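Line by line, the protein sequences are chains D3 and B. If you use the authors' numbering, the first sequence corresponds to residues 1 to 426, in order. If you use the authors' numbering, the second sequence corresponds to residues 204 to 251, in order. Backbone N, C-alpha and C define an ideal beta-carbon position, used for all residues, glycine too.
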Amino acid sequence: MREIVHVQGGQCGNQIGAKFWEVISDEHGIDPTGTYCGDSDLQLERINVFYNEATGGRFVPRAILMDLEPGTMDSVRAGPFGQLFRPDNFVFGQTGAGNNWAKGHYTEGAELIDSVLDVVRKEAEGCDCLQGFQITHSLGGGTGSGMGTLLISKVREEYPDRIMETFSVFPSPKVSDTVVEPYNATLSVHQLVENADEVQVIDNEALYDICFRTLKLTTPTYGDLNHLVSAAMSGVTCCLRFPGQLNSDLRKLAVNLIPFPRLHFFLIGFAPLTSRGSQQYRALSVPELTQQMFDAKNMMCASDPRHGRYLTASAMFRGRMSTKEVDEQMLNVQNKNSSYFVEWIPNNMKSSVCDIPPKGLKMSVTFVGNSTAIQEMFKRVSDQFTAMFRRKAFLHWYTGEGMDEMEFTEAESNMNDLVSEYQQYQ
Amino acid sequence: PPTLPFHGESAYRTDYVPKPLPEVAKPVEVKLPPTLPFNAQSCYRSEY
Ligand SMILES: Nc1nc2c(ncn2[C@@H]2O[C@H](COP(=O)(O)OP(=O)(O)O)[C@@H](O)[C@H]2O)c(=O)[nH]1
């Protein structure tokens, strides 16, 4: 059938994918052990999309966890739902790529990545077809973006028709640590535009805005942030995983969102979201779901869509629902809100219906949107980049191992013309 | 003549005395939320 190979890179990718394998396993009725614990054929029939089978059950995830520092993958192993991964599906690595794109992409990553595509290859042609690759990683970090984006080009050149669907945490400039965030992010987006199919910009800062204002979490930890993203990560791969009235794979999303060859930086929002004691007060009809997923507070990327338009949007619904209540809501947002929707494209939204809701919630929505407002941080990280790069900022730790200065100006140039390409349709 | 007694302690032996060790055996016990029952049906099975 259809198959997804999930590769997680770096501390951020390993910890955000570990929660993903916690919420998929809850959805499929799999213990931390790995046995089924229900009675539902629908919960088990489309399991090969994320789990393999080994003799006496033991449904192992198709996970290729990989890092250059042996500090965060062991934390996945010791935690609950962490023994599911194979011991040889853990590409380790000593020393470390300490916040350097080059220490993951030219040296210290090139030696390890040979073993990484081995583990990828056994979990690629171990089946019959392949829908594509889910790649969680981090642009704001060395070992996350370095061998992260390198792997994006390696598995693209090996399989240049599979869907390269990547969840990346972009460095938002306002409140975030580590100073080399402009150099890692700008260099990694250049590799990410001709080698990835669906880059989902999921910032830490806007996730905090979801936690503080929507959920009203008093102390949102990093597990809270990864719980939100793992929910959006389950909602996009739903129709490969569960039946529905109108189905939509990942290749559906790429065709019905991307008008022109690059143009592939989307914004996600997931929303049965409610305040602390507001579960007794919220409705769960489609109109309140639609009014919530279009709220700018419900963006995982702080790249406010009112400061731009919607080039093409998509909403993959879930749960039991009626088709016209989808359709009239998808049409009413176009008729009422017309300024923040582009004109040269008609009917700027697709919809899908999964008939299997998430666990406990009766209805849910994920909203992947190709918006011409992502250039706000394509300017934000570029202004941070050129403020450093003019008067020769941290570069001796980016030059002595092999990059020349021309790769930095070309990475900023590809950033700049992609800003200009989004500003073309505005 | 008398002989005065010797009162003398060097600083290393005055303030680097073998200290009592801190008392540390405190695990962080974590619960697991029970898995919810799977209330979800196919539409084909629901009307047909
Ligand atoms: N979503 C998420 N973001 C994280 C996590 N850990 C760190 N980050 C973010 O990533 C940035 C640092 O990335 P880093 O861990 O150094 O990446 P790496 O070491 O190269 O793999 C920080 O600004 C954090 O906000 C995590 O577990 N989840």
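Practice task
Spell out the partners DSSP gives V5 (chain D3) in its beta bridges.
Solution key: The partner list for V5 (chain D3) (beta bridge, DSSP) reads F133 (chain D3).
Handout entry: 7 Å Cβ cutoff met for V180 (chain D3) and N99 (chain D3)
Key = Cβ atoms of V180 (chain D3) and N99 (chain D3): closer than 7 Å.
Problem - Nonlocal neighbours in the same chain, by C-beta distance under 6 Å from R251 (chain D3), ignoring five residues either side - result: Closer than 6 Å at Cβ, skipping near neighbours: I163.
Exercise for the section: Show which residues of chain B have a CB atom less than 7 Å away from the CB atom of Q245 (chain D3). Expected result: Result: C246.
Handout entry: Beta-carbon proximity check, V199 (chain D3) vs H264 (chain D3), cutoff 7 Å
Key = Between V199 (chain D3) and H264 (chain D3), the C-beta gap is smaller than 7 Å, which places the two residues in contact.
Problem - Closer than 6 Å: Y183 (chain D3) CB and nearest ligand 1 heavy atom - result: No - ligand 1 has no heavy atom lying nearer than 6 Å to the Cβ of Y183 (chain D3).
Practice task
Starting from the N-terminal side, write out each stretch of the beta strand (DSSP E) that is 3 residues or longer and does not extend beyond the region 167-217 of chain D3.
Solution key: Correct list: 198-201.
Handout entry: Residue(s) in a DSSP beta bridge with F265 (chain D3)
Key = DSSP output for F265 (chain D3) lists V199 (chain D3) as bridge partner(s).
Practice task
Give every residue of the same chain whose Cβ lies closer than 8 Å to the Cβ of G29 (chain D3), excluding the five residues on either side of it in the sequence, and list them in chain order.
Solution key: Residues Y36, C37, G38, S40, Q43, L44 of the same chain have their beta carbon placed closer than 8 Å to that of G29 (chain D3), with the five preceding and five following residues left out of the count.
Exercise for the section: Measure how close the beta-carbons of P243 (chain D3) and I356 (chain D3) come, nearest whole angstrom, since I'm counting them as under 8 Å. Expected result: Their Cβ separation, rounded to whole angstroms, is 7 Å, which keeps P243 (chain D3) and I356 (chain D3) in contact under 8 Å.
Problem - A110 (chain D3), DSSP secondary structure in three states - result: It is helical.
Practice task
Can you grab the Cα-Cα spacing for the pair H137 (chain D3) / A214 (chain B), in whole Å?
Solution key: Pairing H137 (chain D3) with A214 (chain B), the inter-Cα distance amounts to about 54 Å.
Practice task
Kindly list the residues whose CB is nearer than 7 Å to the CB of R306 (chain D3), restricted to its own chain and excluding five residues on each side of it in sequence; keep chain order.
Solution key: Counting only Cβ-Cβ distances below 7 Å, and skipping sequence neighbours, we find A296, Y340.
Problem - First through last residue of the beta strand (DSSP E) which encompasses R318 (chain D3) - result: Counting along the chain, the beta strand (DSSP E) containing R318 (chain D3) begins and ends at 310-319.
Handout entry: Which of helix, strand or coil DSSP assigns to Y36 (chain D3)
Key = Strand at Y36 (chain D3).
Exercise for the section: Show which residues of chain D3 have a CB atom less than 7 Å away from the CB atom of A228 (chain B). Expected result: The premise fails here: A228 (chain B) is roughly 18 Å from chain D3 at the closest Cβ pair, so nothing lies under 7 Å.
Problem - Between the CA atoms of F20 (chain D3) and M233 (chain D3) - distance to the nearest angstrom - result: Linking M233 (chain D3) to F20 (chain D3) through their CA atoms gives a straight-line distance of about 7 Å.
Exercise for the section: With 7 Å as the threshold, decide whether the Cβ of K324 (chain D3) is near any Cβ in chain B. Expected result: So, not an interface residue.
Practice task
Select from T95 (chain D3), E125 (chain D3), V91 (chain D3) the residue whose C-alpha is nearest the C-alpha of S115 (chain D3).
Solution key: Each of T95 (chain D3), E125 (chain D3), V91 (chain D3) was checked against the Cα of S115 (chain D3), and the nearest Cα belongs to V91 (chain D3).
Practice task
Assign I30 (chain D3) to one of three DSSP states: helix, strand, or coil.
Solution key: Judged by DSSP in its simplified three-state form, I30 (chain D3) adopts strand.
Handout entry: Exposure label - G400 (chain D3); buried when at least 16 CB within 10 Å
Key = Exposed, since its Cβ has fewer than 16 Cβ neighbours within 10 Å.
Exercise for the section: Quick one: using the 10 Å Cβ neighbour count with 16 as the cut-off for buried, is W101 (chain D3) buried or exposed? Expected result: With 16 or more other Cβ atoms inside 10 Å of its own Cβ, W101 (chain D3) counts as buried.
Exercise for the section: Can you give me the start and stop residues for the beta strand (DSSP E) that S371 (chain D3) sits inside? Expected result: Its beta strand (DSSP E) spans residues 363-371.
Exercise for the section: With a 10 Å radius around its C-beta and 16 neighbouring C-beta atoms as the bar for buried, classify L84 (chain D3) as buried or exposed. Expected result: Buried.
Practice task
Return yes when the C-beta of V169 (chain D3) is under 6 Å from any heavy atom of ligand 1, and no when it is not.
Solution key: At least one heavy atom of ligand 1 falls within 6 Å of the beta-carbon of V169 (chain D3).
Handout entry: Contact set between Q43 (chain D3) and chain B, taken where Cβ atoms lie within less than 8 Å
Key = Result: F241, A243.
Exercise for the section: On a CA-only basis, which of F394 (chain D3), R309 (chain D3), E412 (chain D3) is nearest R380 (chain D3)? Give me that one, please. Expected result: Selection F394 (chain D3), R309 (chain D3), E412 (chain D3) evaluated against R380 (chain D3) yields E412 (chain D3) as nearest (Cα-Cα).
Practice task
Can you check DSSP and say which residues form a bridge with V353 (chain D3)?
Solution key: According to DSSP, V353 (chain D3) bridges with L246 (chain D3), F317 (chain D3).
Practice task
Indicate whether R262 (chain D3) and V155 (chain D3) have their beta-carbon atoms separated by less than 7 Å.
Solution key: No, they are not a contact pair.
Practice task
Below 6 Å CB to CB, which residues in the same chain sit around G82 (chain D3) once its five sequence neighbours on both sides are set aside?
Solution key: The beta carbon of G82 (chain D3) sits closer than 6 Å to the beta carbons of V76 from its chain, once the five residues preceding and following it are set aside; these are given in chain order.
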